[PDB]
Amino acid sequence: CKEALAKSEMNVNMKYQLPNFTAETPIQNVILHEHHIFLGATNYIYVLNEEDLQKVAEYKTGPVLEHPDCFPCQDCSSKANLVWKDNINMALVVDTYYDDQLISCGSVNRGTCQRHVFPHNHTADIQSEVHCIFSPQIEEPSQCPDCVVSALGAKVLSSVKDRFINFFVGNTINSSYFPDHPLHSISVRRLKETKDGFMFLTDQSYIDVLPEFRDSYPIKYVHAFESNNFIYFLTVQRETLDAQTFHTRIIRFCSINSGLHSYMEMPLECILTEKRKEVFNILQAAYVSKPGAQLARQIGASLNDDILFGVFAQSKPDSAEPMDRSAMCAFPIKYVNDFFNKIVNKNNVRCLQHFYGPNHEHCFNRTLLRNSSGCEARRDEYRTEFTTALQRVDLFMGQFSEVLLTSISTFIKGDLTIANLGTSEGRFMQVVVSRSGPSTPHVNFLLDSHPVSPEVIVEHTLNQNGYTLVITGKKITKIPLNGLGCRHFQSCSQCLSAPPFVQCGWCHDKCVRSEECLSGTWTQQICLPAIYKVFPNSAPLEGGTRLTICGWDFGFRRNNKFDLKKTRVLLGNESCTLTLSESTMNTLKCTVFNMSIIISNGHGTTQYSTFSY
Amino acid sequence: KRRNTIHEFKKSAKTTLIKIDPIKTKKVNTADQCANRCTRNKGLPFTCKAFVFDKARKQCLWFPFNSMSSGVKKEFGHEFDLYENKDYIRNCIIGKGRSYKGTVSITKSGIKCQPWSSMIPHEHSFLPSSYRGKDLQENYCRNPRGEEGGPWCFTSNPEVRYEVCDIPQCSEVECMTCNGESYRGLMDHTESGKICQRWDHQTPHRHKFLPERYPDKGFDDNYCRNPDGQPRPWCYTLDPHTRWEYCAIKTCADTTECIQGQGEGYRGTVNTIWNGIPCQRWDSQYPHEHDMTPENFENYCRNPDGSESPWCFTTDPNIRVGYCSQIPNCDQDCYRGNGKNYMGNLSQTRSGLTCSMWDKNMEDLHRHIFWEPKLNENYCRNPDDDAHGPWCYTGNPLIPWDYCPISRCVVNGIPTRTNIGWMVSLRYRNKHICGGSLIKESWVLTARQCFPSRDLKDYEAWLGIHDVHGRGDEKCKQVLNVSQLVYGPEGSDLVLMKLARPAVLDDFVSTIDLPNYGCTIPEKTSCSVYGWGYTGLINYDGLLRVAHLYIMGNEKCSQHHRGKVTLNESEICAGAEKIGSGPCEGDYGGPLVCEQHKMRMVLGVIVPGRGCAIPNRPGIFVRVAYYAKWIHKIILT
């Protein structure tokens, strides 16, 4: 019997009161700055105590009235008529380089943002300062510079380069809303000293697709970051202008205040492959992070080289929606850097489709100095679109291949790397990642009905005081990264398989931290055989009928494996028959005056005194 | 019925055929139904040897002739696409040789196959009238009935009525290599006489390969390829019921440690994975049978699939594939600032240019510099112990020397009463963008944060104006074109502009001296700055505006910064008299100049950073002394 002993598994459901904070409205973003959690949300903004999870303060960009006559920040209170819309904070970033500021953004106000400054005496009040990033363009009303936030898609990346604040923003746009306000796909809004507008350094400072395609070829942006002066982007789009499939791409370019010089897009696919194939089109969430020491060897980096983590789900046919089947994938920045630079041949490299259009002068007869060019700013940039992808083996090998993954964070401890997976439905897990073998979720529990947001915050002070912040629906939770408890474990095997940083040890009855063993029988080393049942209980010395043996911890524990060779089964003096094909660490099979039956497993032994002749 | 025969057509891209000496267009959406009409019997009276469609036109135009027809001019027109009838191109025999059209009227015994319109001498010549659509040629043998034997031509010979033409089976030339993926030929038949569909098509199978998406593999009309690395090239079947099939081809006729690429072409003796488990041989299917066989292309960890890492099946039965990832793949200074301290085996400059030859370089060095009386040529190491690090001479006549890249360890505007010639009004888009200061009759300086475009034919220098646009003094202004920009050393952010023509001096126009290279400032020493930039006033008339500052140490600067910055010697700090006044937008590259006792010289340059003119907050400026000697060593240019 196997299901009868399903109590072997750690229970998926174990409820805990966590540092928890409720939102009136759906949460859009989160910012950590000075022990204070700033979070935009539907028409609103809040601040939180880092330890207390307490709303220190808040402010409302509440029910938004729109007038077609109205500009984003010109007063429209006296207006008697009109849309009654609702700004959702799509862009949010704290800046320190100039001052202590928060740059917040409304979705509805022509996608035009504001700013809120913090006093030194008290460093949390935002109702003090409101300032509109709305620079009137007397020069060229062609382009609305401070019209930044797209309604459909916003991926924001703020940095300080050449002593200026630069925003690299990637924007999903429909062709329809273009005349209402002209916007750009990827634009580099540079913030003026006067902090009252942005300035486009040139015409080539902005890129966006030809006005034709802007109905089809939807390109939506999901992630970005900075490393090695290459400001990469992760984003999904059609495989081709005709394909109507979708493949997630990584974009690389160099950051000169002027604009994106060496613009490169490369396809990225994750495959689960076996001996003698499933490819995940759609990235769900990502996190670039340093690797754990074991991972450093396994994938080929140091403890410092940056590895990008992408949780990819297979896409619905001709659709960007996922097929509820997800895995995760690792990408050392060294490898992607070299793939962009040197590995690819000269025949592959193409010109951008959505920008140049296939029918053009340049795409016909233009090349690259690939080995003779890296990060070179040439005034005639070439928008290159590599046709050859980079594909990774799932480190998990589908240990979640049956489900979608909503999001992800990353962290490491000592030698190991542990990933804090967020489940499509919202079953938060923490799992050790290694090429070695599948790792069970030492936490798996269900947080909430709604999806876990890709908005996730990680922190580990001293590598001792650590936690993540996780969004779902209208609540955020502060989960310590230091595990929760050992008691849910329901086998010596499960107990030992836990990481060290949770102190797991069987107290002769159930796994536990050492100090809690009143009997002092705390052990983490010998897994005693545990009997659930025996089928049946009457046997002769010669008569033989199948002997089904239910229980747990039967197998020898090797670091991962549970070996059934390293087992002996005795009926007192007589050794009972071992059918190893039918005998597993969960259940055993034999074929053969009260008597007991002794299991001698890899570590211990036991007797079972329900039997007679 | 309504069928498809474009699959039997060829295609070519972006060419249109013009027969100078002659054929109609009807607006039809489907070029494919178009080709099917061309093929389908009786469709057009003329002999539709090919077709062309232009989807810009969407007008369907069959052409009753080949490009091999004389006198036809191809024209590279993107919108036009040709579709050739591959039968005229077979020049071989497929199966029965049923559908032949080739211009051959030679018998197997080398006699001219008679004109088929010729009753002489043999009776059965009436076929072309009878069998219309078989291309029963004038004289050239065809397979009139799709006869197994093929084109049998009624020989003109009196003794023999007909001799059978002989044309080789096509596969005579369609050979293959053991890999086969390299081969890209014409053979467009499967192993069961089935035909490959058009690789552009999506019917009847909508497979994965989009030939444009995966070009460079020859995913042309129907030609068998090895996209997935089978021992034989294979294609998706035109028949919807057959998923795909191999293509019958014969063969053709006539290793180290350090890794190249993903190890695919690379070959290895090593087959121990990072787990240390050795891997077994290609014959040895154990522990779990593996598809790869030597017929496809020892017990070694190769990359037959070209994986990211060469992979070998673990003798561990549990693991199918093991990665021998220990394999090696073939793939800067501190506190030593003088070039001699490092031996730089580096041949590049910071500009990216290569070095020059150290012989003429050495001679020019000795000529220009007699500082003292070693190293290798063309290498990063530099003799002159230069502060900004290692460098190398350059072959450019415009620029002879450049550093090699090795890492080592106005708000409250008070307008000017009168004019200053040190200022230079940079006009890009024909209006002031930044301040520049004149040093030579042919040299100006400003900051690197002032320059959108990399060219010169946009930029402009304006000289000798007290107002922003020469609005007042049209008598004395003067504009110059830009000959060269020079980008400073690392972290310098200093750009030196030479104009196309030096501006002969005058009372109004003034050049500026340089500070003493090793000099140090006295604290609080009053100095002045000049700008046309943003001042916050209601109405800027365009006048130059002057403000005075006072030097101060690192202390008060970081104090008002509250530790925003930990200073560097590159940086010079100066501040106001507790009032809110300082450079802002449009002042960048403006000068702060000072005098030893009376003779005044530049000491700092306006650079944008960290907020405009916050009262009682010091500003950070460049140490001109920190770069003066470099500026000289380039003034050698």
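Same order as they appear, the protein sequences are chains B and A. When you line the first sequence up against the authors' numbering, it's residues 26 to 107, 111 to 304, 311 to 626, 634 to 654, in that order. When you line the second sequence up against the authors' numbering, it's residues 34 to 55, 59 to 290, 302 to 344, 351 to 384, 389 to 430, 434 to 469, 495 to 722, in that order. Here a beta-carbon is modelled for each residue, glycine too, at the ideal position from N, C-alpha and C.
Item, Value
"Given a cut-off of 8 Å on the beta-carbon distance, is the pair A/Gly520 and A/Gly549 in contact?", "no"
"Let me know if B/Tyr654 comes out buried or exposed under the rule of 16 or more other beta-carbons within 10 Å of its beta-carbon.", "exposed"
"Going by beta-carbon coordinates alone, are A/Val678 and A/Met684 separated by less than 8 Å?", "no"
"Use the C-beta contact count for A/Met637: other C-beta atoms within 10 angstroms, 16 or more gives buried, fewer gives exposed.", "buried"
"Anything in chain B within Cβ reach of A/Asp256, meaning under 9 Å, just list it in chain order.", "None at all; the shortest Cβ gap to chain B is about 15 Å."
"Alpha carbon to alpha carbon, how far is A/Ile459 from A/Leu403? Give it in angstroms, no decimals.", "19 Å"
"Please list, in chain order, the chain A residues whose beta carbon lies closer than 9 Å to that of B/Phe192.", "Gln534, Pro693, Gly694"
"With three or more beta-carbon pairs closer than 8 Å as the criterion, would you say the stretch 316-332 of chain B touches the stretch 346-353 of chain B?", "yes"
"Along chain B, in chain order, which residues have C-beta atoms closer than 9 Å to that of A/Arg539?", "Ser286, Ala411, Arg412, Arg413"
"Can you give the beta carbon distance from B/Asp153 to B/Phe162, rounded, assuming they're within the 8 Å contact cut?", "Incorrect: roughly 23 Å between the Cβ atoms, too far for contact."
"Compute the beta-carbon to beta-carbon distance between B/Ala423 and B/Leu296, rounded to the nearest angstrom, for a pair I have assumed lies under 8 Å.", "6 Å"
"Roughly how many angstroms separate the alpha carbons of B/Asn257 and A/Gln327, rounded to a whole number?", "44 Å"
"From the DSSP secondary-structure annotation, give me the bridge partner or partners of B/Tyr84.", "B/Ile70"
"Anything in chain B within Cβ reach of A/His335, meaning under 7 Å, just list it in chain order.", "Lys303"
"Give me the residue from B/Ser244, B/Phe261, B/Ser187, B/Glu436 with the minimum Cα distance to B/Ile214.", "B/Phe261"
"Check whether the stretch 609-622 of chain A touches the stretch 497-504 of chain A, counting contact only when three or more Cβ pairs, one atom from each stretch, lie closer than 8 Å.", "yes"
"Beta strand (DSSP E) containing B/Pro366: first to last residue?", "356-366"
"Might you give, ordered along the chain, the residues of its own chain that have their beta carbon closer than 8 Å to the beta carbon of B/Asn38, omitting 5 neighbours on each side?", "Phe479, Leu480"
"Mind checking A/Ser228: buried by the 16 CB within 10 Å criterion, or exposed?", "exposed"
"With a CB to CB cut of under 8 Å and the five nearest residues on each side skipped, what residues in its chain are close to A/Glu654?", "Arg708, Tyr711"
"If contacts are defined as beta-carbon pairs under 8 Å, then residue 305 of chain B and B/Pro356 qualify, I think. What distance do you get, rounded to the angstrom?", "No coordinates exist for residue 305 of chain B; the numbering of chain B passes from 304 to 311 with nothing in between."
"Express the C-alpha separation of B/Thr495 and A/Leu652 in angstroms, rounding to a whole number.", "28 Å"
"Taking Cβ to Cβ, would you say B/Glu91 is nearer than 8 Å to B/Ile70?", "no"
"How far does the alpha helix (DSSP H) with A/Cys74 in it extend, from its first residue to its last?", "67-75"
"Taking the alpha-carbon positions, what's the B/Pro246 to B/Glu395 distance?", "25 Å"
"Residue 109 of chain B versus chain A: which residues are under 7 Å apart at the beta carbon?", "As shown, the structure holds no coordinates for residue 109 of chain B; chain B passes over it, running from 107 to 111."
"May I ask you to list the residues that DSSP assigns as paired with B/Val345?", "B/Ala319, B/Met362"
"What are the residues in the stretch 498-512 of chain B lying within 7 Å of chain A by C-beta distance?", "none"
"Starting from A/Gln95 and walking both ways along the alpha helix (DSSP H), at which residues does that stretch end?", "Per DSSP, A/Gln95 belongs to no alpha helix (DSSP H); it is in the beta strand (DSSP E), 95-99."
"Name the DSSP beta bridge partners of A/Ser522, please?", "A/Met508, A/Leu530"
"Quick one: does A/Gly627 have its CB under 8 Å from some CB of chain B?", "no"
"Considering only the beta carbon of each residue, do B/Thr86 and B/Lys508 sit closer than 8 Å?", "no"
"Between B/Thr418, B/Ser527, B/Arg547, which lies nearest to B/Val536 when the distance is taken from Cα to Cα?", "B/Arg547"
"Can you tell which of A/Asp275, A/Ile285, A/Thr610, A/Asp416 has its C-alpha closest to the C-alpha of A/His682?", "A/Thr610"
"Determine, using beta carbons only, whether A/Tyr572 comes closer than 8 Å to chain B.", "no"
"What does B/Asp127 reach in chain A if we use C-beta pairs closer than 7 Å?", "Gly696"
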